[PDB]
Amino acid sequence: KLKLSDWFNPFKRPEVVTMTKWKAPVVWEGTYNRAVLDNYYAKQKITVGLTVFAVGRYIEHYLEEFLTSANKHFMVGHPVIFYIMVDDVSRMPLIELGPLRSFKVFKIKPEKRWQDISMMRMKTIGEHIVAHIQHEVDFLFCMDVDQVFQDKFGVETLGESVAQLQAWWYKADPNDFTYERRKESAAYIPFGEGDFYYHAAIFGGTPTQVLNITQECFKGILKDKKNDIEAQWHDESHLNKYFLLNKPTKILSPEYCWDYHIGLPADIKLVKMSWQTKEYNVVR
């Protein structure tokens, strides 16, 4: 039977947070024994899914790089199913998948407003989980397409509910977190509250958990629309509210989703995934 000590060695990275107050491991490079987990999960014959949306210019700009890198780095050695949601299945880039990789494409209705595109994913992912994903995989990861796998992103990231530490704020005090601060929004998080600021670019867990994550976030999104308000960082603001109320069983270090435009600090030892485009933190 799998024990935490069978694969997690937090002491290997003493200068960073390797475990939360609620005892969820924060996985950093050097703290995991992937070999042990690979053998463990292989024996259970697990399958992992990955949902990614590419609507509009995003298809030509990031879909191919995202998939080609995913093919090479995502859960290597384990069955993986890529669920690709596009608005125009014709612009689809054509790539060869390697061993244990396969895919399923779905044509979706494109939202006109980009923020809507980002948020509607919560709705779409949920529908698909109920319709088929719950029957196809043991774990599911939902990701932004505007990123690229730089190295192995494996089973060490698997968990019941998994969150990603946001690259910009992983060392910040919660009061500096860009949580939704208006009480009128369902994503509202009071100053003086919060554990971490999670990035909406990557989140996952078992289909059941992801279903709950997406259903709750989408309901918050809908509520805000009827209350004439929209969370500062849309689905990400709601995701942070959700993870605050429902603590994740695993958190991935910013090494699993790094922003090269803020450089490469000492704590980032081996990037597994990186943002594709430079993004500002404007307030004025």
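Whichever C-alpha set is largest while still superposing within 1.5 Å between the two forms counts as the rigid core. Residue numbers run from 1 along the displayed sequence.
When the other structures are laid on the shown form by the rigid core, the stretch among 269 to 277 and 17 to 25 with the greater C-alpha deviation in 6 other deposited structures of this protein turns out to be 269 to 277. When the other structures are laid on the shown form by the core, the C-alphas of 192 to 200 and 107 to 115 differ in how far they drift in 6 other deposited structures of this protein; the larger average drift belongs to 107 to 115. Per-stretch averaging of Cα B factors for 106 to 114 and 144 to 152 places 106 to 114 on top. Comparing the deposited coordinates for 216 to 224 and 53 to 61, the stretch with the larger average C-alpha B-factor is 53 to 61. Within the selection 75, 163, 211, 85, the deposited Cα B-factor values reach their highest point at 85.
Residue 272: CA B factor lies in the lowest third for its chain, per the PDB record. In the PDB entry, residue 245 places in the middle third of its chain by CA B-factor. Compared with the other modelled residues of the chain, the Cα B-factor recorded for residue 175 ranks in the highest third. Looking at the C-alpha B-factors along this chain, the one for residue 157 belongs to the lowest third. Sorting the modelled residues of the chain by their CA temperature factor places residue 122 in the middle third.
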